[PDB]
Amino acid sequence: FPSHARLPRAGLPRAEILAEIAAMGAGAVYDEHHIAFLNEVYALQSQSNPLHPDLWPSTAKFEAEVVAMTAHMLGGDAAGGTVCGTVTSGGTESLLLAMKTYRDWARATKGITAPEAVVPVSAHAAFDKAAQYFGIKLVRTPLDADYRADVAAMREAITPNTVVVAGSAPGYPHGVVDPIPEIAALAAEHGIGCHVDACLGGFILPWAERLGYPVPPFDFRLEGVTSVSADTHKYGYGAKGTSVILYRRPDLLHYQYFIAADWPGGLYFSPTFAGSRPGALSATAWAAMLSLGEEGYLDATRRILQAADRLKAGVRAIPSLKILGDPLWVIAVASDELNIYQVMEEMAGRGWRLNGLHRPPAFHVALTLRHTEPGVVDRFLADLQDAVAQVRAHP
Amino acid sequence: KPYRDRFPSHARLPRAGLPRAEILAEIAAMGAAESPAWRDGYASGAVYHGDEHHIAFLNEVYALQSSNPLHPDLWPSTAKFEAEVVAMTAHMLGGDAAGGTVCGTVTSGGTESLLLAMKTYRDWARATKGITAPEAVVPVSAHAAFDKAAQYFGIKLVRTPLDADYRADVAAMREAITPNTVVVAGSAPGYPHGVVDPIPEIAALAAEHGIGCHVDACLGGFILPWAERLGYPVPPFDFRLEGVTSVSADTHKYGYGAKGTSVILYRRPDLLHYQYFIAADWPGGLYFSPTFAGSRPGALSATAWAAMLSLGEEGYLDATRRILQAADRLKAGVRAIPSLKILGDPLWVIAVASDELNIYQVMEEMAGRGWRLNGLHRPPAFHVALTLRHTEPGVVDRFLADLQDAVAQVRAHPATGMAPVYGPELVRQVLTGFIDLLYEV
Ligand SMILES: [Cl-]
């Protein structure tokens, strides 16, 4: 296709443009008719922009309802109605905002000016961003034998300047859920924040729980948990570019808000990083949640977890492959025997786009509704078994 | 919160899962109440194109790229869109003058652009100048997002005074720069009054001190180059100036791309790199992100690429012609009305105030007649961000008419409504409760 290094003089046929885009189109994605549906939602809300709520009160509603429903899904009632929050643009914005908030909260509240934060080494890399961005010393603690945060190590690391601790539910690298309860307990005992990163697990964990699978309380059921983030786009099945950050009580949330009084451009407030932003995306989340409902999520996470079971089984049924920790649907597989990167590469050749991890070396499969399709997991295992045979005879 | 009673509120997930039809119906229903406002040119800014078929077009684009760039290996299509959008924008802003070194990134809005630049200048200056108490010098008119960056990234923000015609006072700026100043900025134009700052002397001030010069062209980015080409008076404001080290332009505003998309440009790669974030020894693998966001809606980038290609230089020319011509007509009518006054000499974004009357009341009367325009303060005035939507027939004529009636009113009644409100910490105490009411269920 023609490359454009500079604006066309003329202006091209909309048809021609649409053709090229379609031509190219001919984890990552978390169904034909569902997508079709969200796309039509978007279309209806295309012009939306939550910065001007006076013009789009429709969006201001969507956002509020999405936050509400999510909070309730994460034990918001346990907090006794004080739980609040905001729709962000992704897990990262959620993570950044929280970190920023805890910083601001702690300066105002504790006089802390050299903020420090304690997260498991497994904690999402976005934590390091926040750290550099907002000038917070980030202290990453070690994991334990089953790749969960070592809480003792965490306890040792907290300091009079620590403003918050975090745990992942689950973490991206290995897909295990951290000891959220003892972490949130550590938190409370020191009077510092506890943030749960449930960006990945936010919309599957509550139903896995309800479903008989082993998951520790990880949300607002715990007094210590002061904030938790969950991604409505990934497993919430909302359209990409949308997420949620929740706080136990309003006093925290307010530290996240930005307000400017004497700007000649008028009064200025923004709840998030963004100023103007795509209300349309919020619509897709609201729509996706309502279309699914508790039943919808239950069924989806059932299918996913069941596939994961099947898959984990097949995998473990190769003595040369090892699963890191005991993940539920996000799986990290490594080899003490072989060059896992090669196994991953062979697999890549056979058409799989899976994520390579390191420290330790392993690739990971973020199981998705897309894998609950028939023979999919069966295909995976088959290709995997052939890939290992290869590497065995070609180190 | 008008639909409180019109539509069921959801405080918690439905047990069942609702008909997609029913859902779509409610959303469309709200859209039916809402479209006219912006579609019928009653809105200051908000919607910048608003044309039925153009929107329809971008919507179909979105649908096709329905796709994020954090996984470029899966969506190299997007990685292209973003690169081409940056390229075309840079060229439109004098990128060639910089001699091919101009680079940049697609962000999610003018704000992200502004934040990123500020962050970059901070990081650049620490690494390069050892500056650890960064300070930044912007005109008081400079967008409020500058204050955000300041609090976010721990940069002392110094706002300098404007001159009689509401342009940055460069002398004041010169006086304010310090061994710790990492960057100065100017707006092309600013949001409050829509005037373009003395970018040339500012960018000169910058170079002479070896500090950054950022031009905020979020608003003017996609109209100024064509207004220039069109015979209207606009100073060089982009990379044509050696001193300008970075400039931001919003493809979603007057670029006519779909909402949620923008561009930040740097004169040379060495600056851009300070914006990038990279994490090596995360067990989750190698991690890089060019912007604030990790995962970002590639679909939106597509809509910008598509919007730019569909328009082309001809497209922008025509559009800005129409807009500027309306603005002329409008400014004329306004200046003819005693006793109002236009602040500075804006081209399409207009700030009108009254030394004679309570402008907020004039704004409120106007509001009653159906106009959604932005109330400014310090000084008091409302502003009209002219848009393709106002280039429609009798629109400006409607505006002037309603305006003239609104002034007659206030003349004989010096006065309530939403006016009382618009009239320092109580503000934060209040605006916060407001943000809470918004999110209330
Ligand atoms: Cl706007």
# chains A, B, ... in the order shown; residues from 1 in each chain; ligands from 1
>>> residues_around(residues="region 222-238 of chain B", least_positions_apart="3", cutoff="8 Å", atoms="only C-alpha atoms", output="PyMOL selection string")
chain B and resi 92-94+188+196+198-200+215+219+241+244+247+249-251+254-255+316-317+320-321+324
>>> write_last_selection(atoms="C-alpha atoms", output="mmCIF file, in the first residue's frame")
data_model
loop_
_atom_site.group_PDB
_atom_site.id
_atom_site.type_symbol
_atom_site.label_atom_id
_atom_site.label_comp_id
_atom_site.auth_asym_id
_atom_site.auth_seq_id
_atom_site.Cartn_x
_atom_site.Cartn_y
_atom_site.Cartn_z
ATOM 1 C CA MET B 92 2.189 20.618 7.865
ATOM 2 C CA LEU B 93 4.026 22.319 10.745
ATOM 3 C CA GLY B 94 7.358 23.069 9.079
ATOM 4 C CA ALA B 188 -1.110 29.178 18.845
ATOM 5 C CA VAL B 196 -1.830 33.673 18.905
ATOM 6 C CA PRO B 198 4.488 36.119 19.912
ATOM 7 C CA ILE B 199 5.837 32.647 19.070
ATOM 8 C CA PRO B 200 8.867 34.020 17.182
ATOM 9 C CA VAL B 215 4.187 25.676 21.107
ATOM 10 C CA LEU B 219 -6.374 24.418 18.862
ATOM 11 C CA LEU B 241 11.548 28.733 13.955
ATOM 12 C CA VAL B 244 10.643 25.946 18.682
ATOM 13 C CA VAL B 247 4.680 21.650 19.265
ATOM 14 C CA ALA B 249 -1.628 19.743 17.603
ATOM 15 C CA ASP B 250 -5.031 18.113 18.092
ATOM 16 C CA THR B 251 -6.125 15.926 15.207
ATOM 17 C CA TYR B 254 -9.703 20.946 13.737
ATOM 18 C CA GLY B 255 -7.988 17.919 12.301
ATOM 19 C CA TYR B 316 -8.363 21.740 5.206
ATOM 20 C CA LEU B 317 -8.081 24.886 3.056
ATOM 21 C CA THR B 320 -10.681 26.793 7.432
ATOM 22 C CA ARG B 321 -11.783 29.186 4.700
ATOM 23 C CA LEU B 324 -12.587 32.033 9.096
#
>>> select_by_dssp(residues="region 208-431 of chain B", states="alpha helix (DSSP H)", output="PyMOL selection string")
chain B and resi 208-209+224-228+269-275+298-336+359-368+395-411+419-422+426-431
>>> atom_distance(atom1="CA of residue 239 (chain A)", atom2="CA of residue 283 (chain A)")
9.0 Å
>>> closest_residue(among="A:230, A:259, A:245, A:118", to="chain B", atoms="only C-alpha atoms")
A:259
>>> residues_near_ligand(ligand="ligand 1", cutoff="7 Å", atoms="only C-alpha atoms and all ligand atoms", output="ChimeraX atom specification")
/A:276 /B:45-47
>>> write_last_selection(atoms="N, CA and C atoms", output="PDB file, in the first residue's frame")
ATOM      1  N   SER A 276     -10.340  16.322  27.315  1.00  0.00           N
ATOM      2  CA  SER A 276     -11.380  15.816  26.443  1.00  0.00           C
ATOM      3  C   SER A 276     -11.036  14.355  26.151  1.00  0.00           C
TER       4      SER A 276
ATOM      5  N   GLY B  45     -17.244  24.916  20.208  1.00  0.00           N
ATOM      6  CA  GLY B  45     -16.335  23.792  20.167  1.00  0.00           C
ATOM      7  C   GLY B  45     -17.097  22.488  20.252  1.00  0.00           C
ATOM      8  N   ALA B  46     -16.714  21.642  21.202  1.00  0.00           N
ATOM      9  CA  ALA B  46     -17.394  20.373  21.440  1.00  0.00           C
ATOM     10  C   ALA B  46     -17.309  19.417  20.249  1.00  0.00           C
ATOM     11  N   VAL B  47     -18.067  19.727  19.196  1.00  0.00           N
ATOM     12  CA  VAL B  47     -18.008  19.008  17.927  1.00  0.00           C
ATOM     13  C   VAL B  47     -17.427  19.934  16.874  1.00  0.00           C
TER      14      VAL B  47
END
>>> select_by_dssp(residues="region 138-387 of chain A", states="strand (DSSP E)", output="PyMOL selection string")
chain A and resi 138-141+162-168+193-197+227-230+243-247+258-260+268-270+322-323+330-334+355-357+362-366
>>> residues_around(residues="residue 189 (chain B)", least_positions_apart="2", cutoff="9 Å", atoms="only C-alpha atoms", output="ChimeraX atom specification")
/B:186-187,191-197,216-221,224,346,349
>>> write_last_selection(atoms="N, CA, C and O atoms", output="PDB file, in the first residue's frame")
ATOM      1  N   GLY B 186       4.213  28.991  24.367  1.00  0.00           N
ATOM      2  CA  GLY B 186       3.252  29.962  23.871  1.00  0.00           C
ATOM      3  C   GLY B 186       2.119  29.242  23.162  1.00  0.00           C
ATOM      4  O   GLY B 186       2.318  28.150  22.633  1.00  0.00           O
ATOM      5  N   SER B 187       0.931  29.837  23.143  1.00  0.00           N
ATOM      6  CA  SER B 187      -0.223  29.181  22.536  1.00  0.00           C
ATOM      7  C   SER B 187      -0.490  29.705  21.129  1.00  0.00           C
ATOM      8  O   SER B 187      -0.433  30.910  20.874  1.00  0.00           O
ATOM      9  N   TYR B 191      -6.655  28.981  24.259  1.00  0.00           N
ATOM     10  CA  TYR B 191      -8.088  28.676  24.345  1.00  0.00           C
ATOM     11  C   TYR B 191      -8.924  29.844  24.863  1.00  0.00           C
ATOM     12  O   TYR B 191      -9.965  30.151  24.287  1.00  0.00           O
ATOM     13  N   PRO B 192      -8.472  30.501  25.947  1.00  0.00           N
ATOM     14  CA  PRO B 192      -9.278  31.570  26.544  1.00  0.00           C
ATOM     15  C   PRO B 192      -9.745  32.601  25.522  1.00  0.00           C
ATOM     16  O   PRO B 192     -10.950  32.762  25.347  1.00  0.00           O
ATOM     17  N   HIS B 193      -8.815  33.272  24.851  1.00  0.00           N
ATOM     18  CA  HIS B 193      -9.180  34.407  24.018  1.00  0.00           C
ATOM     19  C   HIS B 193      -8.909  34.190  22.546  1.00  0.00           C
ATOM     20  O   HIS B 193      -9.251  35.036  21.718  1.00  0.00           O
ATOM     21  N   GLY B 194      -8.309  33.049  22.226  1.00  0.00           N
ATOM     22  CA  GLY B 194      -8.126  32.641  20.844  1.00  0.00           C
ATOM     23  C   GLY B 194      -7.106  33.448  20.065  1.00  0.00           C
ATOM     24  O   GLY B 194      -7.101  33.404  18.832  1.00  0.00           O
ATOM     25  N   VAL B 195      -6.246  34.186  20.769  1.00  0.00           N
ATOM     26  CA  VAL B 195      -5.183  34.942  20.108  1.00  0.00           C
ATOM     27  C   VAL B 195      -3.911  34.112  20.030  1.00  0.00           C
ATOM     28  O   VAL B 195      -3.681  33.239  20.866  1.00  0.00           O
ATOM     29  N   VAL B 196      -3.091  34.374  19.020  1.00  0.00           N
ATOM     30  CA  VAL B 196      -1.830  33.673  18.905  1.00  0.00           C
ATOM     31  C   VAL B 196      -0.752  34.504  19.584  1.00  0.00           C
ATOM     32  O   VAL B 196      -0.697  35.714  19.399  1.00  0.00           O
ATOM     33  N   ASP B 197       0.089  33.853  20.386  1.00  0.00           N
ATOM     34  CA  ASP B 197       1.187  34.523  21.083  1.00  0.00           C
ATOM     35  C   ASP B 197       2.326  34.903  20.134  1.00  0.00           C
ATOM     36  O   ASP B 197       2.375  34.443  18.994  1.00  0.00           O
ATOM     37  N   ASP B 216       1.960  25.385  21.986  1.00  0.00           N
ATOM     38  CA  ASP B 216       0.677  24.723  22.104  1.00  0.00           C
ATOM     39  C   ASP B 216      -0.193  25.123  20.913  1.00  0.00           C
ATOM     40  O   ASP B 216      -0.784  26.204  20.885  1.00  0.00           O
ATOM     41  N   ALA B 217      -0.238  24.244  19.917  1.00  0.00           N
ATOM     42  CA  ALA B 217      -1.067  24.441  18.743  1.00  0.00           C
ATOM     43  C   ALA B 217      -2.170  23.393  18.721  1.00  0.00           C
ATOM     44  O   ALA B 217      -2.583  22.933  17.667  1.00  0.00           O
ATOM     45  N   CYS B 218      -2.636  23.005  19.900  1.00  0.00           N
ATOM     46  CA  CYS B 218      -3.691  22.013  19.997  1.00  0.00           C
ATOM     47  C   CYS B 218      -4.924  22.508  19.273  1.00  0.00           C
ATOM     48  O   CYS B 218      -5.599  21.753  18.577  1.00  0.00           O
ATOM     49  N   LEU B 219      -5.200  23.793  19.438  1.00  0.00           N
ATOM     50  CA  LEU B 219      -6.374  24.418  18.862  1.00  0.00           C
ATOM     51  C   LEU B 219      -6.108  24.863  17.424  1.00  0.00           C
ATOM     52  O   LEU B 219      -6.887  24.565  16.510  1.00  0.00           O
ATOM     53  N   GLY B 220      -4.993  25.567  17.227  1.00  0.00           N
ATOM     54  CA  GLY B 220      -4.681  26.180  15.945  1.00  0.00           C
ATOM     55  C   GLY B 220      -3.937  25.287  14.977  1.00  0.00           C
ATOM     56  O   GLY B 220      -3.756  25.625  13.820  1.00  0.00           O
ATOM     57  N   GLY B 221      -3.511  24.129  15.451  1.00  0.00           N
ATOM     58  CA  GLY B 221      -2.678  23.246  14.661  1.00  0.00           C
ATOM     59  C   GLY B 221      -3.166  22.999  13.251  1.00  0.00           C
ATOM     60  O   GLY B 221      -2.388  23.033  12.299  1.00  0.00           O
ATOM     61  N   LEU B 224      -4.358  27.145  11.381  1.00  0.00           N
ATOM     62  CA  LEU B 224      -3.344  28.183  11.175  1.00  0.00           C
ATOM     63  C   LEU B 224      -2.527  28.061   9.885  1.00  0.00           C
ATOM     64  O   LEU B 224      -2.333  29.046   9.180  1.00  0.00           O
ATOM     65  N   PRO B 346      -8.769  37.936  17.784  1.00  0.00           N
ATOM     66  CA  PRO B 346      -8.894  36.514  17.459  1.00  0.00           C
ATOM     67  C   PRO B 346      -9.289  36.302  16.009  1.00  0.00           C
ATOM     68  O   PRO B 346      -9.878  37.190  15.399  1.00  0.00           O
ATOM     69  N   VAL B 349     -11.659  31.797  17.166  1.00  0.00           N
ATOM     70  CA  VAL B 349     -12.101  31.568  18.531  1.00  0.00           C
ATOM     71  C   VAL B 349     -12.296  32.925  19.187  1.00  0.00           C
ATOM     72  O   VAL B 349     -11.336  33.675  19.357  1.00  0.00           O
TER      73      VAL B 349
END
>>> closest_residue(among="A:127, A:263, A:235, A:1", to="chain B", atoms="only C-alpha atoms")
A:263
>>> residues_around(residues="region 277-282 of chain B", least_positions_apart="5", cutoff="12 Å", atoms="only C-alpha atoms", output="VMD selection string")
(chain A and resid 120 to 133 140 171 to 174 356 to 361) or (chain B and resid 116 119 to 120 123 272 287 to 294)
>>> residues_around(residues="residue 111 (chain B)", least_positions_apart="3", cutoff="10 Å", atoms="only C-alpha atoms", output="MDAnalysis selection string")
(chainID A and resid 273:277) or (chainID B and resid 107:108 114:117 143:146 148:149 218 248 250 262)
>>> write_last_selection(atoms="N, CA and C atoms", output="PDB file, in the first residue's frame")
ATOM      1  N   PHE A 273      -6.501  11.848  33.847  1.00  0.00           N
ATOM      2  CA  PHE A 273      -5.383  12.441  33.132  1.00  0.00           C
ATOM      3  C   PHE A 273      -5.907  13.231  31.960  1.00  0.00           C
ATOM      4  N   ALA A 274      -6.787  12.599  31.196  1.00  0.00           N
ATOM      5  CA  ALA A 274      -7.294  13.192  29.976  1.00  0.00           C
ATOM      6  C   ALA A 274      -8.137  14.412  30.297  1.00  0.00           C
ATOM      7  N   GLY A 275      -8.190  15.337  29.349  1.00  0.00           N
ATOM      8  CA  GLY A 275      -9.145  16.422  29.402  1.00  0.00           C
ATOM      9  C   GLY A 275     -10.343  15.980  28.594  1.00  0.00           C
ATOM     10  N   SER A 276     -10.340  16.322  27.315  1.00  0.00           N
ATOM     11  CA  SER A 276     -11.380  15.816  26.443  1.00  0.00           C
ATOM     12  C   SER A 276     -11.036  14.355  26.151  1.00  0.00           C
ATOM     13  N   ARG A 277     -12.045  13.555  25.837  1.00  0.00           N
ATOM     14  CA  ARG A 277     -11.844  12.120  25.720  1.00  0.00           C
ATOM     15  C   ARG A 277     -13.054  11.480  25.033  1.00  0.00           C
TER      16      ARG A 277
ATOM     17  N   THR B 107      -0.767  10.912  20.642  1.00  0.00           N
ATOM     18  CA  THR B 107      -1.265  10.822  22.009  1.00  0.00           C
ATOM     19  C   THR B 107      -2.779  10.668  22.015  1.00  0.00           C
ATOM     20  N   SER B 108      -3.391  10.877  23.171  1.00  0.00           N
ATOM     21  CA  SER B 108      -4.828  10.692  23.305  1.00  0.00           C
ATOM     22  C   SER B 108      -5.569  12.010  23.442  1.00  0.00           C
ATOM     23  N   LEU B 114       0.479  17.894  25.949  1.00  0.00           N
ATOM     24  CA  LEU B 114       1.058  18.870  26.860  1.00  0.00           C
ATOM     25  C   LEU B 114       1.784  18.206  28.016  1.00  0.00           C
ATOM     26  N   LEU B 115       1.156  17.231  28.661  1.00  0.00           N
ATOM     27  CA  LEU B 115       1.795  16.538  29.780  1.00  0.00           C
ATOM     28  C   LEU B 115       3.115  15.918  29.354  1.00  0.00           C
ATOM     29  N   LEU B 116       3.065  15.138  28.285  1.00  0.00           N
ATOM     30  CA  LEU B 116       4.253  14.470  27.777  1.00  0.00           C
ATOM     31  C   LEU B 116       5.404  15.436  27.536  1.00  0.00           C
ATOM     32  N   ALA B 117       5.138  16.512  26.807  1.00  0.00           N
ATOM     33  CA  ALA B 117       6.157  17.522  26.556  1.00  0.00           C
ATOM     34  C   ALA B 117       6.789  17.982  27.865  1.00  0.00           C
ATOM     35  N   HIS B 143      -2.870  27.001  28.474  1.00  0.00           N
ATOM     36  CA  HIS B 143      -3.882  26.027  28.878  1.00  0.00           C
ATOM     37  C   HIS B 143      -3.671  25.472  30.279  1.00  0.00           C
ATOM     38  N   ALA B 144      -4.785  25.233  30.964  1.00  0.00           N
ATOM     39  CA  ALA B 144      -4.780  24.758  32.344  1.00  0.00           C
ATOM     40  C   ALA B 144      -4.075  23.417  32.524  1.00  0.00           C
ATOM     41  N   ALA B 145      -4.007  22.632  31.453  1.00  0.00           N
ATOM     42  CA  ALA B 145      -3.294  21.360  31.494  1.00  0.00           C
ATOM     43  C   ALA B 145      -1.843  21.555  31.899  1.00  0.00           C
ATOM     44  N   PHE B 146      -1.331  22.772  31.730  1.00  0.00           N
ATOM     45  CA  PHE B 146       0.033  23.087  32.157  1.00  0.00           C
ATOM     46  C   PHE B 146       0.195  22.994  33.663  1.00  0.00           C
ATOM     47  N   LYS B 148      -1.585  21.034  35.568  1.00  0.00           N
ATOM     48  CA  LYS B 148      -1.609  19.600  35.841  1.00  0.00           C
ATOM     49  C   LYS B 148      -0.218  18.993  35.800  1.00  0.00           C
ATOM     50  N   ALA B 149       0.415  19.101  34.633  1.00  0.00           N
ATOM     51  CA  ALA B 149       1.792  18.666  34.442  1.00  0.00           C
ATOM     52  C   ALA B 149       2.680  19.121  35.589  1.00  0.00           C
ATOM     53  N   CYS B 218      -2.636  23.005  19.900  1.00  0.00           N
ATOM     54  CA  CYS B 218      -3.691  22.013  19.997  1.00  0.00           C
ATOM     55  C   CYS B 218      -4.924  22.508  19.273  1.00  0.00           C
ATOM     56  N   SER B 248       2.467  20.827  19.873  1.00  0.00           N
ATOM     57  CA  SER B 248       1.375  19.855  19.927  1.00  0.00           C
ATOM     58  C   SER B 248       0.194  20.317  19.085  1.00  0.00           C
ATOM     59  N   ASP B 250      -3.951  19.068  17.867  1.00  0.00           N
ATOM     60  CA  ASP B 250      -5.031  18.113  18.092  1.00  0.00           C
ATOM     61  C   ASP B 250      -5.730  17.695  16.818  1.00  0.00           C
ATOM     62  N   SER B 262      -4.458  12.830  19.169  1.00  0.00           N
ATOM     63  CA  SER B 262      -3.680  14.057  19.073  1.00  0.00           C
ATOM     64  C   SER B 262      -2.226  13.743  18.762  1.00  0.00           C
TER      65      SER B 262
END
>>> closest_residue(among="A:243, A:168, A:101, A:47", to="chain B", atoms="only C-alpha atoms")
A:47
>>> residues_around(residues="residue 360 (chain B)", least_positions_apart="4", cutoff="7 Å", atoms="only C-alpha atoms", output="list in words")
residues 364, 381 and 419 of chain B
>>> write_last_selection(atoms="N, CA, C and O atoms", output="PDB file, in the first residue's frame")
ATOM      1  N   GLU B 364     -26.129  34.238  29.799  1.00  0.00           N
ATOM      2  CA  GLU B 364     -27.231  33.443  30.320  1.00  0.00           C
ATOM      3  C   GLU B 364     -28.482  33.593  29.442  1.00  0.00           C
ATOM      4  O   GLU B 364     -29.141  32.606  29.113  1.00  0.00           O
ATOM      5  N   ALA B 381     -16.071  37.077  30.562  1.00  0.00           N
ATOM      6  CA  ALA B 381     -16.508  37.085  29.175  1.00  0.00           C
ATOM      7  C   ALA B 381     -16.885  35.667  28.802  1.00  0.00           C
ATOM      8  O   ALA B 381     -16.445  34.723  29.443  1.00  0.00           O
ATOM      9  N   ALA B 419     -26.055  32.661  35.567  1.00  0.00           N
ATOM     10  CA  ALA B 419     -25.135  33.785  35.681  1.00  0.00           C
ATOM     11  C   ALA B 419     -24.555  33.937  37.091  1.00  0.00           C
ATOM     12  O   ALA B 419     -23.346  34.124  37.242  1.00  0.00           O
TER      13      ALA B 419
END
>>> closest_residue(among="A:188, A:160, A:45, A:119", to="residue 143 (chain A)", atoms="only C-alpha atoms")
A:119
